[PDB]
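Each remark here refers to the structure printed beneath this line.
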Protein chains: 2
Amino acid sequence: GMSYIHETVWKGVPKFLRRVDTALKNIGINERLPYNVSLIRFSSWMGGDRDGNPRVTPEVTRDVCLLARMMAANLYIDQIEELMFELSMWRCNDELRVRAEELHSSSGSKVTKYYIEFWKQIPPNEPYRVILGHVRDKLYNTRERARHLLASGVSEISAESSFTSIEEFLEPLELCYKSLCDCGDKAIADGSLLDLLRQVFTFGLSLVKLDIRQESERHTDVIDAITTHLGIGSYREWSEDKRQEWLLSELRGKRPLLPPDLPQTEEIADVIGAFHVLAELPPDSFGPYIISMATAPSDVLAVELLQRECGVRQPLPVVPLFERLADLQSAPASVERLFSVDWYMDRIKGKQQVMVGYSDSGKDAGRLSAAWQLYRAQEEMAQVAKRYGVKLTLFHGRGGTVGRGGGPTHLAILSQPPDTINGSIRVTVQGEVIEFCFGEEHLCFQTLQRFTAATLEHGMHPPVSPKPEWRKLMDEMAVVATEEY
Amino acid sequence: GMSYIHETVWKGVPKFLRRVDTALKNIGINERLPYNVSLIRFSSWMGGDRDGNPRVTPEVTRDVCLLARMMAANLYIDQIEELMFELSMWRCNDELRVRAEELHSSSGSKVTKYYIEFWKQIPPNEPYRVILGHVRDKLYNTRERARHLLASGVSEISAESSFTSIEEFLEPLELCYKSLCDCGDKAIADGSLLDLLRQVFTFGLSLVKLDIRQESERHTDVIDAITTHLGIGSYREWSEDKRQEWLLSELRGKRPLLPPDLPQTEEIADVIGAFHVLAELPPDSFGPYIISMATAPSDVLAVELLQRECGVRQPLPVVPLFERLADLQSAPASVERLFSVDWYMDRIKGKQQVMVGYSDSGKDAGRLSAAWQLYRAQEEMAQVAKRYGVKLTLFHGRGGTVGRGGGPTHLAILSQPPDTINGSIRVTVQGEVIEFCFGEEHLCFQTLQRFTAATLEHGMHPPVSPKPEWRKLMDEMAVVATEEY
């Protein structure tokens, strides 16, 4: 799946942004879309979704996170090398002229030892080549340290001698850009270097962020295993309101819960060992933790606890997946209960993402019933959120086939309830659909076009909300359809 | 300190035991003191004793533990190489022959690739060199693995490419010994091989065992930081019987205690960090955990708890150091209190060690009053232990000067109360006293001689118990001496 990121998406992102720059100038906006804008992002499930797949192990999740950082480092080194060839201009600003002489007189500040012939070829008056030269040395380490970590678990290459954060990486790049501008070469700067900067903000150091997904009941079994071992009873047998109470006492509580001598099934171990892996790896390599089969706020707090109690210093925000009819009905109720908890609200800090499954919905109820429930499950959740001042971000689980939420991109967005998108949405691109959308250069470009053009239009100029007549009919029809199905 | 272990104690232990053999034969025993008897053992505080020395960090303890295993393997290598030169016999028993052919035909069984010039060299009918050769290969790995574990986080050299357990190291050596006996060359077996085996039982894979020692109140500080953070209360202000009651609830309980977000002073981080080090290193590298300024049973239970709550999987046995007069008086009562606790009784499993301090005693009470309280301290603790079915081992903290329990070894042991030794004792050999005892070969032999002969005699042929008249006069004089001092 990463072959696609490499072959069409990597180069296909700056090209699409540059058209937006042109599209914008054509309506009188006299500036390009700023490079710190993530107008389009990429994320993966490829080593993270374990829902009903025992073969995605904690070690797998770790491999994928490091493989990615290795692929990413490699791509950037390629891009940086091309750029060195190009930025042969001598005119630089003062803050770059100082930094360049540090790295020149010291021979790269002894970071890599690998590109050392290069540090003896470099002529004095190529300030850009010298900054980027150093960026490259640090990139090679970032790449190699990921290899050593993947093969051994440890590296002779320190952290400081490589790029640890996206900000550390951006620093010299944004410098180069500001220098070229200060010297009046904003045109040169808006060339290869603008395309590169946009890639850093877009793709970051791990290329794609990893969503983790796990079955709802799997967390229940881990927590029931804890309550049993401590002799507080069976977490499984507790009513939902009892679970919420207990969990919140614990979340607020300062005392450790998870006992090391806890007896575990292979299944409980796969779950706990997964959080363990999440806790070692850099936070910027992860997206959200997705709970498949999500049903009530317990399921969300259950993870929040398991995550904190397994040592995840900076926890992945937890997103519920409403995949069945019943759960999508009780959904905006679930979302409000979570929003109404003093603890949970300090945790999320105004941002709540939730996933809606088109796949296992149409399997539960009819196609018609599912599509309609999914409509107002979005509509209402948005309403609950707007009321509690939380920025909702809907995650759409769409497939390729029509009966899994498939269909032309702009239509699928058009058909989503008004005022429930607003510049923030996520959509799955599943299996063969990656080839459908990103197989060729032009396909990738149109795929970014479709999503971006529809999302925009949908937010500035939404579709008509349904008439009260229509709603009633859809309500009554869905029950018929669901029963017939 | 280890230079003494190397230069006199290493070769000198097997020589002393061979004298014990001969002395056994001179009283008509017709048997060698079985090589599994540790008639004399060596432990170390050098890198473990933290009392009043902040310079003994957790990291110091880790360095000392690995350094020792390195030293140990490096001595076992030199010995094994000589032994290979020696056991050139071709007669072996079936078990050795089988293993010998496995190793021979596999070119070493894939262990090191070092000493590969030796394997090609190895002729067929030299079985002892074969097993031993592999034993050597495996030793090289053991000392290297320590080097890499010391010099950096971990090593390429695996766990089962080297010796991990003393039983794994003894397996092939004992096979050799039984082979040579089976072929009627036991006379050869009692030669250099016997001397090595006795070093394996006497020194193990770490050479000497590290005693950890820490102040009493320093553990109190940790447990008060936890009860304060969790809002349980102030452990420090709790009375002794309350401390015991709380600690025992926690020890019986299965739920974790120590919060990972616990605020720590630098001292508190040196306590917990130390336990963390013990948690990692192999258990067979440590002796006990010694509590200086031990006063009441709370101190012992406090460490038993901190030890578990820091994840020390197989915990060190806890010994209290009664350094001062008031503590030596309560001492037997503390000991009885610690017994009679159904939890603590199952932990120790019939074995309890306690240290008595000869240095800090005389400072507190004065020479005569100390020396006497020390006498009946051991006497009554014996009786309590005896009543509870517990083997009391006494650790004597002596040293050079007469004012610190100094004096001739055989006389000091004579001066100790009857029936409080019974072939189980530990004594400090402090600093310069090591040169006094182990500075020369003859000195080392003479020193093992005194300790072995005094302790044996004292067990079977005790000194006299004091007459009641004498006892009363001692109690009375003790008070008078204390007050005057």
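No lab work stands behind these numbers, since they all come straight from the coordinates. Here Cβ is always computed from backbone atoms with ideal geometry, including for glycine, and neighbour counts include all displayed protein chains.
Here's the yes/no breakdown for (1) among the aliphatic types (A, V, I, L, M); (2) touching a residue at least 40 places away in the same chain (Cβ under 8 Å):
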{"position": "B:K363", "(1), (2)": "no, no"}
{"position": "B:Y375", "(1), (2)": "no, yes"}
{"position": "B:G399", "(1), (2)": "no, yes"}
{"position": "B:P418", "(1), (2)": "no, yes"}
{"position": "B:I421", "(1), (2)": "yes, no"}
{"position": "B:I425", "(1), (2)": "yes, no"}
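Just one of (1) free of Cβ contacts under 8 Å to residues at least 24 places away in the same chain; (2) touching a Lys or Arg at 6+ places or on another chain (Cβ under 6 Å) fails for A:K391. It is (1).
Report yes if B:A279 is within 14 Å of another protein chain (Cβ to nearest Cβ), out of contact with any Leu (no Cβ under 8 Å at 6 or more places or on another chain) and either of a type outside the set (G, A, S) or touching a residue at least 12 places away in the same chain (Cβ under 8 Å) (or both), otherwise no.
Numbers: within 14 Å of another protein chain (Cβ to nearest Cβ): yes; out of contact with any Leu (no Cβ under 8 Å at 6 or more places or on another chain): yes; either of a type outside the set (G, A, S) or touching a residue at least 12 places away in the same chain (Cβ under 8 Å) (or both): yes.
For B:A279, the condition - within 14 Å of another protein chain (Cβ to nearest Cβ), out of contact with any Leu (no Cβ under 8 Å at 6 or more places or on another chain) and either of a type outside the set (G, A, S) or touching a residue at least 12 places away in the same chain (Cβ under 8 Å) (or both) - is met.
B:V356 satisfies every condition listed in (1) in contact with a strand residue (DSSP E or B) (Cβ under 9 Å, 6 or more places away or on another chain); (2) β-branched (V, I, T); (3) within 25 Å of B:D224 (Cβ to Cβ) except (3).
Provide a single number: the residues in the range A:182-215 that are in contact (Cβ under 8 Å) with a residue 12 or more places away in the chain and within 21 Å of A:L33 (Cα to Cα). Break it down stepwise before answering.
Here is the first cut: in the range A:182-215, the residues in contact (Cβ under 8 Å) with a residue 12 or more places away in the chain are A:182-183, A:185, A:188-215.
If we keep only those that are within 21 Å of A:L33 (Cα to Cα) as well, we get A:182, A:185, A:188-204.
Residues flagged as in contact (Cβ under 8 Å) with a residue 12 or more places away in the chain and within 21 Å of A:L33 (Cα to Cα) within the range A:182-215 amount to 19.
Within the range B:399-432, the residues that satisfy the criterion of being aliphatic (A, V, I, L, M) and within 14 Å of B:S359 (Cα to Cα) are B:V402, B:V427, B:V429.
Is it fair to say A:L305 is within 14 Å of chain B (Cβ to nearest Cβ), touching a residue at least 40 places away in the same chain (Cβ under 8 Å) and within 29 Å of B:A225 (Cα to Cα)?
On the way: within 14 Å of chain B (Cβ to nearest Cβ): yes; touching a residue at least 40 places away in the same chain (Cβ under 8 Å): yes; within 29 Å of B:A225 (Cα to Cα): yes.
Taking the combined requirement at face value, the residue satisfies it.
What number of residues in the range B:46-76 are part of a loop (DSSP other than H, G, I, E, B), touching a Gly at 6+ places or on another chain (Cβ under 9 Å) and farther than 29 Å from B:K138 by Cβ? Within the range B:46-76, residues that are part of a loop (DSSP other than H, G, I, E, B), touching a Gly at 6+ places or on another chain (Cβ under 9 Å) and farther than 29 Å from B:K138 by Cβ number 2. Screening A:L448 with (1) touching an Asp or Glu at 6+ places or on another chain (Cβ under 8 Å); (2) more than 20 Å from A:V356 (Cα to Cα) gives one miss only, at (1). Considering only residues in the range A:136-156 that are touching a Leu at 6+ places or on another chain (Cβ under 9 Å) and surrounded by fewer than 22 Cβ atoms within 10 Å (Cβ to Cβ), the one that is nearest to the other protein chains (Cβ to nearest Cβ) turns out to be A:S155.
Screening the range B:348-467 for strands (runs of 3 or more DSSP E) wholly inside it with 2 or more residues that are surrounded by 20 or more Cβ atoms within 10 Å (Cβ to Cβ) returns the ranges B:351-357, B:391-397. Restricting attention to the range A:216-234, the residues that are in contact with a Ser or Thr (Cβ under 7 Å, 6 or more places away or on another chain) and buried (at least 19 other Cβ atoms within 10 Å of the Cβ) add up to 1. Checked against the criterion of being in contact with a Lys or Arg (Cβ under 7 Å, 6 or more places away or on another chain) and among the acidic types (D, E), the range A:212-229 contains one or more residues that satisfy it.
Taking the range B:224-245 as the range and being touching a residue at least 12 places away in the same chain (Cβ under 8 Å) and either aromatic (F, W, Y) or away from chain A (no Cβ under 14 Å) (or both) as the test, the residues that pass are B:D224, B:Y235, B:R236, B:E240, B:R243, B:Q244.
A:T295 passes every criterion in (1) over 20 Å from A:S340 (Cβ atoms); (2) part of a loop (DSSP other than H, G, I, E, B) apart from (1). Take A:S179 and tell me if it is surrounded by 19 or more Cβ atoms within 10 Å (Cβ to Cβ), polar (S, T, N, Q), out of contact with any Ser or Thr (no Cβ under 6 Å at 6 or more places or on another chain) and more than 14 Å from every other protein chain (Cβ to nearest Cβ). Considered against the rule, which asks whether it is surrounded by 19 or more Cβ atoms within 10 Å (Cβ to Cβ), polar (S, T, N, Q), out of contact with any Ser or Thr (no Cβ under 6 Å at 6 or more places or on another chain) and more than 14 Å from every other protein chain (Cβ to nearest Cβ), A:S179 comes out as yes.
Within the range B:71-105, being within 30 Å of B:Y4 (Cα to Cα), loosely packed, with under 15 Cβ neighbours inside 10 Å and among the polar types (S, T, N, Q) holds for no residue. Kindly establish whether B:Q329 is polar (S, T, N, Q), free of Cβ contacts under 8 Å to residues at least 60 places away in the same chain and outside any loop (DSSP other than H, G, I, E, B). Yes: the conditions hold for B:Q329. Of the set (1) hydrophobic (A, V, I, L, M, F, W, C); (2) within 14 Å of another protein chain (Cβ to nearest Cβ); (3) not in a helix (DSSP H, G or I), all apply to B:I290 but (2). Only residues that are within 35 Å of the chain's Cα centre (by Cα) and in contact (Cβ under 8 Å) with a residue 40 or more places away in the chain were counted in the range A:85-101, giving 5.
Residues in the range B:308-326 that are part of a loop (DSSP other than H, G, I, E, B) and more than 14 Å from every other protein chain (Cβ to nearest Cβ): B:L316, B:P317, B:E323, B:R324.
The set of residues in the range B:20-58 being closer than 18 Å to B:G423 by Cβ and in contact (Cβ under 8 Å) with a residue 60 or more places away in the chain consists of B:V20, B:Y35, B:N36, B:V37, B:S38, B:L39, B:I40, B:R41, B:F42, B:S43.
Report, by residue number, each residue of the range B:254-271 that is within 14 Å of chain A (Cβ to nearest Cβ) and closer than 24 Å to B:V318 by Cα. Talk me through it step by step, then tell me what you get.
Let us first name the residues in the range B:254-271 that are within 14 Å of chain A (Cβ to nearest Cβ), namely B:254-263.
Within the range B:254-271, B:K254, B:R255, B:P256, B:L257, B:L258, B:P259 qualify.
Against the list (1) free of Cβ contacts under 8 Å to residues at least 24 places away in the same chain; (2) outside any helix (DSSP H, G or I), the condition A:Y115 fails is (1). Residue by residue through the range A:157-168, note down the ones that are in contact (Cβ under 8 Å) with a residue 40 or more places away in the chain and either within 23 Å of the chain's Cα centre (by Cα) or within 14 Å of another protein chain (Cβ to nearest Cβ) (or both). Selection gives A:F163, A:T164, A:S165, A:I166. Read through the list (1) over 19 Å from the mean Cα position of the chain (by Cα); (2) surrounded by 13 or more Cβ atoms within 10 Å (Cβ to Cβ), then give the number of the only condition that A:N26 fails. The failed condition is (2).
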